[PDB]
Amino acid sequence: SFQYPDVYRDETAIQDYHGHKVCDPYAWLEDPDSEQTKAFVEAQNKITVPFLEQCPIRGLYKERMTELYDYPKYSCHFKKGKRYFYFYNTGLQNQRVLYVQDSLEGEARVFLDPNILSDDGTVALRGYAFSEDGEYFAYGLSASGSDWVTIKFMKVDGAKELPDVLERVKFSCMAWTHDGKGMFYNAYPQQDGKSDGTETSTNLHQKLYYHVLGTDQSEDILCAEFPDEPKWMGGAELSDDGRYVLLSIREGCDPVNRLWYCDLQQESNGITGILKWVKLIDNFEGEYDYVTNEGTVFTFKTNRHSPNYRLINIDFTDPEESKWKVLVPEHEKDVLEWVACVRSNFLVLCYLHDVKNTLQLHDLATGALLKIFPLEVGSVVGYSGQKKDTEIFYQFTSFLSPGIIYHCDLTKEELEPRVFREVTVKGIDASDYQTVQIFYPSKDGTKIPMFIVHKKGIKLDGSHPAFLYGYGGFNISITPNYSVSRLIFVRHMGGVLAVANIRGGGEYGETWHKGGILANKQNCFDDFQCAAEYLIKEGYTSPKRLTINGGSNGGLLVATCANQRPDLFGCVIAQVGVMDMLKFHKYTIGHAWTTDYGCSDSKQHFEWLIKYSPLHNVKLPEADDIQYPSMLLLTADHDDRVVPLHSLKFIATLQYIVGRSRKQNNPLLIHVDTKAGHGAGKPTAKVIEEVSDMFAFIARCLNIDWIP
Ligand SMILES: O=C([C@@H]1CCCN1C(=O)CCCN1C(=O)NC(c2ccccc2)(c2ccccc2)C1=O)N1CCCC1
């Protein structure tokens with residue numbers, strides 16, 4: 001009932017990659033500003049939108065979604081100075097709001113409402129930092145979902161807006177020096193062309209500046225720069241005593257960093273230029289994440305010779321590795337997620353035990369286990385408690401639990417944590433659904449964890465629509481989260497939810513990470529393909545009714561699996577994904593992902609990439625009874641994280657190579673949203689629209705009837 005647009009093929013766009021010749025006939029789609037690209041985007045949306053709204057389930061869904069998603073969304077309370085703050089979204093607000101109250105008992109008042117900044121909610125808060133005395137506040141503002149940030153400042157008492165403004169900020173830190181004179185932050189060199197998120201220009205030479213309040217940005221002090229290394233990025237932070245400036249130098253997305261420090265008492269007259277950095281750890285062999293310090297003895301969470309991480313103390317007066325003391329040895333199985341120091345000498349260790357979180361209280365001096373905090377199965381997605389705090393707050397979330405915030409007064413003999421707040425989403429009955437965690441072997445036998453959710457009592461006859469989700473990369477762990485959107489799939493679409501913790505992530509330490517990157521990248525596609533076969537063999541679903549979803553790095557995942565095993569799925573939703581594995585390093589911050597995929601500039605890497613690159617491996621099955629799965633690619637014009645050209649070229653390729661076939665009846669579509677980016681800061685209204693599209697696609701393609 002619909003035909004695809006004619007898209008010019010530049011058959012002369014041939015490039016040589018180490019003796020190999022590859023044709024990129026839609027390379028012209030790499031210019032966001034051309035009239036041709038604009039005409040192409042407008043045309044594609046001209047066929048997608050209608051098709052999506054033509055589904056009577058789309059409105060049913062959006063309605064249901066609007067009611068179920070309408071619940072109070074709170075964040076952990078956190079104390080800065082003598083006041084308390086917490087984010088709160090009454091329900092369907094575009095962006096959450098920052099509240100402030102002088103007392104846990106006192107009345108809270110609005111502090112910062114990003115909602116009065118843009119009628120549609122596409123201006124989001126991206127990063128904030130309070131001054132040591134909690135008397136001054138700084139926050140980053142992002143428009144249309146770009147990573148680019150604008151740092152503004154506020155006076156806490158009275159919530160007065162200051163005139164200071166910092167531009168050209170991206171992937172920056174925010175560290176105030178304890179004297180309250182200024183803050184450290186990162187910026188990029190003023191470059192030609194635009195800088196609003198629609199550009200594809202590569203970000204290099206990020207520098208470290210220091211901004212003194214009450215001055216103009218032209219006056220900022222350059223405190224660190226690496227002109228010999230364009231890719232390095234140095235984030236800064238102050239130690240608990242405000243005496244040292246710790247600079248973590250990073251290159252790429254690997255769990256490793258260089259560690260230089262600066263003794264602020266050694267600076268002749270303060271911060272007037274490039275600091276007298278001491279190159280403590282001058283290499284990229286391991287990650288060193290700062291926890292706390294006592295005098296010159298610093299406590300760090302590291303992964304050095306410890307794939308599952310551990311805590312170690314370093315004395316800046318005797319730095320020799322041969323002298324580091326192990327505070328909390330590495331666990332043989334559990335991965336030490338993060339650590340916090342609270343109440344002067346308490347350590348909060350959060351572990352990942354079989355894709356589940358656990359909280360324990362340890363002693364700083366010896367590092368001995370003091371207490372375990374009971375936690376049901378799920379994850380901790382919120383926490384507050386600084387070294388100066390005498391109490392802690394943490395938020396628990398699961399597949400059927402919207403979230404419980406717990407409190408614990410650490411100044412009491414009996415450390416009994418009590419429930420501070422508990423959210424519930426009526427219209428959904430947890431008692432009706434069951435969560436189960438299984439382990440299935442992959443092509444090489446490696447047992448892989450997977451979560452499974454569905455209504456109780458379902459008969460495993462492969463007659464149920466299944467939704468399999470996954471990421472698989474960059475040391476990212478997919479733990480239990482609440483998702484109204486997905487629960488409506490189970491309840492009103494009789495579907496089965498399942499999440500595979502395939503290799504490439506960090507569910508099992510760096511070892512797990514390295515098991516799915518560079519040369520072992522194919523391991524990620526095998527693990528995920530095996531999870532689909534498992535669900536099909538065990539009776540949960542059938543290929544014709546199995547949908548797979550992934551976003552960003554996970555978009556590469558599903559896009560690649562569709563290419564390698566199209567017979568295994570009946571629907572594919574790839575969100576803002578990577579498709580051109582040959583040039584991803586050429587745009588914006590793509591050069592950073594090479595530590596996981598490699599670079600096509602190397603003849604050794606090229607060989608791995610050319611084997612799975614979604615864009616270069618589209619091919620119509622030779623088998624007559626086999627066609628490509630229905631496919632929906634979601635992208636946006638301001639995604640400066642993963643440029644849209646990846647999806648643009650990939651779709652053009654699909655419709656030409658496959659869409660043009662006679663046996664192809666399954667639609668290959670794309671939707672390019674406007675005024676939105678990679679996903680962070682996306683307004684509540686745009687997000688309701690997105691899921692309504694995704695599930696309208698499934699229901700219409702798999703022909704699923706709604707269940708009241
Ligand atoms: O968005 C992404 C991936 C995954 C998440 C982070 N990411 C990024 O591409 C992160 C880009 C920006 N960035 C770096 O290039 N290094 C990080 C870093 C982030 C996480 C882990 C290690 C380093 C950094 C540098 C200095 C100081 C602090 C942090 C950072 O934020 N992808 C989209 C396409 C596939 C990968």
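The residues of the chain are indexed from 1 along the displayed sequence. Excluded from the calculations below are hydrogen atoms, water molecules and symmetry mates; all remaining heavy atoms, backbone and side chain alike, are included.
- The closest donor-acceptor contact from the side chain of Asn303 to the backbone of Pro255 lies under 3.5 Å.
- Applying ring pair (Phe, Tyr, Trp, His ring centres under 6.0 Å) to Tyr128 and the options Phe87, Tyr139, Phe111 leaves one that passes, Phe87.
- Using a distance-only test at 3.5 Å, with no hydrogens or angles considered, a donor-acceptor pair links the side chain of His646 to the main chain of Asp580.
- Using modelled atom types, no side-chain atom of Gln522 and backbone atom of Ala519 make a donor-acceptor pair closer than 3.5 Å.
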What verdict does the salt bridge (charged side-chain N to carboxylate O under 4.0 Å, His left out) test give for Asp120 and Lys675, after you've listed the backbone C-alpha separation in whole Å, the side-chain angles of each residue and the deciding distance to 0.1 Å? CA-CA 9 Å; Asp120 55 21; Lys675 261 198 115 152; 2.8 Å; yes
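- Between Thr635 and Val576, the shortest heavy-atom distance links the atoms CA-CG1, 4.1 Å.
- Within the structure, the salt bridge (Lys or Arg N to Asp or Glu O under 4.0 Å) test picks out the following pairs touching residues 36-53 (sequence neighbours left out): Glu35-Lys38.
- Side chain of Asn475 to main chain of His513: no donor-acceptor pair is present (N/O by atom type, distance under 3.5 Å, no hydrogens or angles).
- With 3.5 Å as the limit, one finds a donor-acceptor pair spanning the side chains of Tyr597 and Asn553.
- A distance-only check finds no donor-acceptor pair linking the side chain of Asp10 to the backbone of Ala27 [under 3.5 Å].
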Test salt bridge (charged side-chain N to carboxylate O under 4.0 Å, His left out) on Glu30 and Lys583 and set out the steps. CA-CA 11 Å; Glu30 287 174 24; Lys583 327 165 95 154; 3.0 Å; yes
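- Once rounded to the nearest 0.5 Å, the distance linking CD1 of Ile476 with OH of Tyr471 reads 5.0 Å.
- Every side chain to side chain contact (heavy atoms under 4.5 Å, CB included) that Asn520 has, sequence neighbours left out, goes to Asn523.
- The aromatic rings of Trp232 and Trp260 lie perpendicular to each other, with more than 60° between the two planes, well past the 30° mark.
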Can you check ring pair (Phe, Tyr, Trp, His ring centres under 6.0 Å) on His211 and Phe153, steps first, answer last? CA-CA 11 Å; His211 165 79; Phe153 299 75; 5.3 Å; yes
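- Atom NE2 of residue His605 and atom NZ of residue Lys603 lie 11.0 Å apart, to the nearest 0.5 angstrom.
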Checking salt bridge (charged side-chain N to carboxylate O under 4.0 Å, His left out) for the pair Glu287/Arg250: CA distance, chi angles, key distance, verdict? CA-CA 9 Å; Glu287 202 190 19; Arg250 305 217 167 222; 2.8 Å; yes
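- Stacking of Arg9 on the aromatic ring of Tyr656 is recorded, both the 6.0 Å distance cut-off and the 45° axial limit being met.
- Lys207 NZ to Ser172 OG: the interatomic distance, rounded to the nearest 0.5 Å, is 15.0 Å.
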Please lay out, stage by stage, how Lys619 and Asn563 fare under the test side chain to side chain donor-acceptor pair (under 3.5 Å). CA-CA 7 Å; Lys619 160 189 67 86; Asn563 268 354; over 6 Å; no
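- Between the NZ atom of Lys170 and the CZ atom of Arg126 there is a distance of 9.5 Å, given to the nearest 0.5 Å.
- For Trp148 and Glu199, the side-chain atoms include at least one donor-acceptor pair closer than 3.5 Å.
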Working for side-chain contact (heavy atoms from CB on, under 4.5 Å), residues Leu162 and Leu213: CA-CA 9 Å; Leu162 302 175; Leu213 211 68; 4.1 Å; yes
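- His205 is not listed as a side-chain neighbour of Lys231, based on a closest heavy-atom distance of 4.5 Å or more.
- A donor-acceptor pair is defined here as one N or O able to donate and one able to accept, closer than 3.5 Å; such a pair exists between the side chain of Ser118 and the backbone of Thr122.
- Judged by distance alone, with hydrogens and angles left aside, the side-chain atoms of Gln95 form a donor-acceptor pair with the main-chain N or O of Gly121 at under 3.5 Å.
- Side chains of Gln564 and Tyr612: no donor on one and acceptor on the other come within 3.5 Å.
- Looking at heavy atoms from C-beta onward, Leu141 lies in side-chain contact with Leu117 at the 4.5 angstrom threshold.
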Evaluate the side chain to side chain donor-acceptor pair (under 3.5 Å) criterion for residues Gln217 and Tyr209: first the C-alpha distance (whole Å), next the side-chain angles of each, then the deciding distance (0.1 Å), finally the verdict. CA-CA 10 Å; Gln217 186 165 11; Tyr209 296 95; over 6 Å; no
side-chain contact (heavy atoms from CB on, under 4.5 Å) evaluation trace for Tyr628 with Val618: CA-CA 10 Å; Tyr628 255 64; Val618 174; 4.1 Å; yes
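- Side-chain contact check for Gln655 and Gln44: at least one donor-acceptor pair (N or O, by modelled atom type) lies under 3.5 Å.
- A donor-acceptor pair shorter than 3.5 Å cannot be found between the side chains of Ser195 and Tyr188.
- Put simply, CD1 on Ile221 and CG on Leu208 are 11.5 Å apart, with the number rounded to the nearest 0.5 Å.
- Taking a 6.0 Å sphere around CG of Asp119, one finds it holds 12 or fewer heavy atoms contributed by other residues, nucleotides or ligands.
- Cation-pi geometry between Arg304 and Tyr288 is not met: the NZ or CZ atom fails to fall both under 6.0 Å from the ring centre and inside 45° of the normal.
- Judged by distance alone, the side chain of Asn186 and the main-chain N or O of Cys173 form a donor-acceptor pair under 3.5 Å.
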Might you work through the side chain to side chain donor-acceptor pair (under 3.5 Å) test for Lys194 and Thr198, ending with a clear yes or no? CA-CA 8 Å; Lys194 359 194 272 198; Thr198 58; 2.9 Å; yes
May I have the step-by-step check of salt bridge (charged side-chain N to carboxylate O under 4.0 Å, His left out) for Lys682 and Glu690, ending in yes or no? CA-CA 10 Å; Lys682 194 174 258 147; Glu690 192 166 278; 2.9 Å; yes
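- Here the options are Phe184, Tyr185, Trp176, the test is ring pair (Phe, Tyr, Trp, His ring centres under 6.0 Å), and the partner is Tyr210; only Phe184 passes.
- By the neighbour-count criterion of 12 heavy atoms within 6.0 Å, atom NZ of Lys181 is sparsely surrounded, having that number or fewer from other residues, nucleotides or ligands.
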Determine whether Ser630 and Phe697 satisfy the following criterion, side-chain contact (heavy atoms from CB on, under 4.5 Å), listing intermediate values before the conclusion. CA-CA 9 Å; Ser630 294; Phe697 187 67; 3.9 Å; yes
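- Looking at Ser146 and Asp640, their side chains do bring a donor and an acceptor atom within 3.5 Å of each other.
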Full working for side-chain contact (heavy atoms from CB on, under 4.5 Å) between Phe300 and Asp289: CA-CA 5 Å; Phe300 298 93; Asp289 168 49; over 6 Å; no
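- With respect to the salt-bridge test (charged N to carboxylate O, under 4.0 angstrom), the residues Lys152 and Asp164 do not qualify.
- Of the possible polar contacts, none joining the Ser647 side chain to the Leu633 backbone as a donor-acceptor pair under 3.5 Å is found.
- In terms of modelled atom types and a separation under 3.5 Å, the side chain of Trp28 and the main chain of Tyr8 share a donor-acceptor contact.
- For the residue pair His678/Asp147, the side-chain donor-acceptor check at 3.5 Å is not satisfied.
- Between the side chains of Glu167 and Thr150, a donor-acceptor pair is found at a separation under 3.5 Å.
- Taking CZ from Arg258 and NZ from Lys279, the interatomic distance works out to 9.0 Å, rounded to the nearest 0.5 Å.
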